[PDB]
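Undergrad: Experimental coordinates follow, after the sequence.
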Amino acid sequence: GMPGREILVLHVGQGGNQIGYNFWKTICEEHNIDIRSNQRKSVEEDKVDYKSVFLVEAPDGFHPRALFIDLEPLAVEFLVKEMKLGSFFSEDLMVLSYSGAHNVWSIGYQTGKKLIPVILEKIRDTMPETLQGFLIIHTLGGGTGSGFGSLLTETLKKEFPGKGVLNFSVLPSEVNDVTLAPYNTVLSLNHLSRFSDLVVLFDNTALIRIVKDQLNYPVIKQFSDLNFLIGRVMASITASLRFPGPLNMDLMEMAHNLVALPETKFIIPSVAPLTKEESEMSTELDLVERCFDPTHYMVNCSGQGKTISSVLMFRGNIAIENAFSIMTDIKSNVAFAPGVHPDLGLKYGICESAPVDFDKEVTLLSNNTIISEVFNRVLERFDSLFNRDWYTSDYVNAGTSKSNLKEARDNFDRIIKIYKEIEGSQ
């Protein structure tokens, strides 16, 4: 393949590695590759494909340019034993311990430091020198994905300051929800605010919300369909980086197009359609309108907020003449933040390659002031436990003082206030 624009994906934690099943299955099938055989799946290949952005073409076949990192071997057993994809999720890409983090951010940050030198060794000895950056896929409610993920986000930014560090971060839900999740989320989001170039946030609560308000089946099994859906959504967000088009971005351009101020780096993603039934009942306009509907947000929002910067992607069999017309009407109805010209608050583009199961797809990445509301509910749950000194013992034991917890919370509130000043409401 052609050198350049190569990305190294880092799955950290149980969720981040388990999400990698349908993340890489969707990526492989959109570039005509069988994840079971590491080979192409059909002789029908399109003339230009940027599969080298996420996949490595060896003489024996295609492999993920990824490292699968965890302080416990449970998630990689799910990939090799349950899914039978050991030829794709192979051992040379695995950095594993067997101690665990026990859902404490501090234990993953400190135990993860003992695996950092070997992770940097694999990056130096195996990654191309034209590597554009890193993609970190992890959860924020536990200890490995949060603590080790925060450490890796910080370590990669310090050792490779010329490359892009992008975080696909999953917020805590009500299932797989520890009472320690408010502490871990605030600690992780404070670190990511300092070292990540862009944090796209996912919430299992939002997918559950869509289940309870739909006859159609979006999940019928726990995480095996929820993490299945998260992997497909965050693979659709990467479509701008691996397919030719007007909005073909690299990691830096994806951050530059959405991060106006250094603190406004938290993006809300929206994808429609989510199911085959929705795809068979919807037109292009309906898919654009749902993406700007908080019901289809991957973060749980009450209403909509005000948009600072947004990037929309048309995927597949979409008439470009109607795409021009739809976005003129959407710019008139969308509430932009006070001071943003509508032409500078929303950019869009068409991608010819569509998801395998859908004729068309629409994806929205939005830097929206409504993330202050999602974060203020995290702050309320943080303070409901911290002001009573509840569930704090194991963070101090592992080296994160209660003063360090306070500094993370107070810097978390400063980000909320910045988004609210931009909104013009606080």
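TA: Great, that's in hand. Numbers count the residues shown, from 1 in each chain.

Undergrad: The residue nearest to residue 285 when sequence neighbours are not counted and residue 419, how far apart?
TA: Among residues not flanking residue 285 along the chain, residue 326 sits closest, at 5.5 Å (CB to CB, 6 or more residues apart in numbering). (C-beta placed from N, C-alpha, C; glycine too.) According to CB to CB, to the nearest Å, residue 326 stands 28 Å off from residue 419.

Undergrad: between those two, who's got more neighbours?
TA: More crowded of residue 326 and residue 419, by other CB atoms under 10 Å: residue 419, with 28 against 22.

Undergrad: ok, and the closest non-adjacent residue to that one?
TA: Nearest non-adjacent residue to residue 419, counting by CB to CB, 6+ apart: residue 372, 4.1 Å away.

Undergrad: Kindly tell me how buried the one you found is, as a neighbour count.
TA: 24.

Undergrad: Over to the one 10 residues further on?
TA: Residues lying near residue 382 (other CB under 10 Å) number 22.

Undergrad: how distant is the strand or helix carrying it from the center of its chain?
TA: Residue 382 is part of helix 371-386, with elements assigned from DSSP states H and E. Centroid separation for helix 371-386 versus its chain: 21 Å, with CA atoms, centre = their mean, to the nearest Å.

Undergrad: Make 13 the first number, not 1, from now on.
TA: Noted, 13 is the first residue going forward, which turns the last one into helix 383-398.

Undergrad: After it, which helix or strand is next?
TA: Downstream of helix 383-398, the first helix or strand assigned by DSSP H and E is helix 405-409.

Undergrad: wait, doesn't residue 254 sit right on residue 65?
TA: Yes: at 4.5 Å, residue 254 counts as touching residue 65 under the criterion of CB atoms under 8 Å.

Undergrad: still on that earlier bit, show me what the helix or strand containing the residue nearest to residue 297 is packed up against.
TA: Residue 338 belongs to helix 332-345 when elements are defined using DSSP H and E. Packed against helix 332-345 by the contact rule (3 or more CB pairs under 8 Å, 6 or more residues apart in numbering; DSSP states H and E) you find helix 296-303, strand 319-328, helix 354-357, strand 358-363.

Undergrad: Just say which of these is most tucked in.
TA: strand 319-328 (a mean of 23; mean count of other CB atoms under 10 Å).

Undergrad: packing partners for it?
TA: helix 251-254, helix 296-303, helix 332-345, helix 354-357, strand 358-363, strand 372-380.

Undergrad: what inclination does the longest one have with respect to strand 319-328?
TA: Meaning helix 332-345. Angle of helix 332-345 versus strand 319-328, following axes from the mean of the first three to the mean of the last three CA atoms, to 10 degrees, is 160 degrees.

Undergrad: got the angle between helix 332-345 and helix 296-303?
TA: For helix 332-345 against helix 296-303, the angle by the same axes, to 10 degrees is 40 degrees.

Undergrad: Please enumerate residues in contact with whichever helix or strand residue 420 is part of?
TA: Using DSSP H and E, residue 420 maps to helix 414-435. By CB atoms under 8 Å, 6 or more residues apart in numbering, the residues outside helix 414-435 that reach it are 195, 198-199, 201-203, 205, 273, 275-276, 278, 317-318, 320, 349-350, 381, 383-384, 387-388, 390-391, 394-395, 398, 401, 404, 407-408, 438.

Undergrad: about what we covered before: using PDB, write out the CA atom coordinates for the helix holding residue 394.
TA: Output in PDB follows, covering the C-alpha atoms of helix 383-398 (Å, rounded to 0.1, in the frame of the first residue of the first chain):
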ATOM      1  CA  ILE A 383     -21.900  18.400  26.800                       C
ATOM      2  CA  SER A 384     -21.900  20.800  29.800                       C
ATOM      3  CA  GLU A 385     -25.200  19.200  30.800                       C
ATOM      4  CA  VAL A 386     -23.900  15.700  30.500                       C
ATOM      5  CA  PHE A 387     -20.800  16.700  32.400                       C
ATOM      6  CA  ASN A 388     -22.800  18.500  35.100                       C
ATOM      7  CA  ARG A 389     -24.700  15.300  35.900                       C
ATOM      8  CA  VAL A 390     -21.300  13.600  36.200                       C
ATOM      9  CA  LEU A 391     -20.200  16.400  38.600                       C
ATOM     10  CA  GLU A 392     -23.400  15.900  40.700                       C
ATOM     11  CA  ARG A 393     -22.700  12.200  41.100                       C
ATOM     12  CA  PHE A 394     -19.000  12.900  41.800                       C
ATOM     13  CA  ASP A 395     -20.000  15.400  44.600                       C
ATOM     14  CA  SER A 396     -22.700  13.200  46.000                       C
ATOM     15  CA  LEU A 397     -20.000  10.700  47.000                       C
ATOM     16  CA  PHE A 398     -16.900  12.900  47.500                       C
END
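
Undergrad: so what secondary structure elements neighbour it?
TA: Using 3+ CB pairs under 8 Å, 6+ apart: helix 383-398 touches helix 193-207, strand 210-215, strand 278-284, helix 414-435.

Undergrad: Neighbouring strands - and their directions - for the shortest one?
TA: Neighbouring strands of strand 210-215 in its sheet, by DSSP bridges, are strand 176-183 (parallel), strand 278-284 (parallel).

Undergrad: residue contacts, the residue nearest the centre of the chain?
TA: Closest to where the C-alpha atoms of the chain average out (CA atoms, centre = their mean) is residue 180, at 2.1 Å. Going by CB under 8 Å, 6+ apart, residue 180 touches 147, 148, 149, 150, 212, 214, 246, 249.

Undergrad: export those to a markdown table and tack on distance to residue 372, secondary structure and neighbour count?
TA: Below are these laid out as a markdown table (distance: CB to CB, whole Å; DSSP: H, G, I helix; E, B strand; the rest coil; neighbours: other CB atoms under 10 Å):
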| residue | distance to residue 372 | secondary structure | neighbour count |
| --- | --- | --- | --- |
| 147 | 25 | strand | 24 |
| 148 | 30 | strand | 26 |
| 149 | 26 | strand | 28 |
| 150 | 30 | strand | 31 |
| 212 | 22 | strand | 27 |
| 214 | 22 | strand | 26 |
| 246 | 19 | helix | 22 |
| 249 | 16 | helix | 23 |
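
Undergrad: Would you check which pair of those residues lies furthest apart?
TA: 150 and 249 (15.3 Å; CB to CB).
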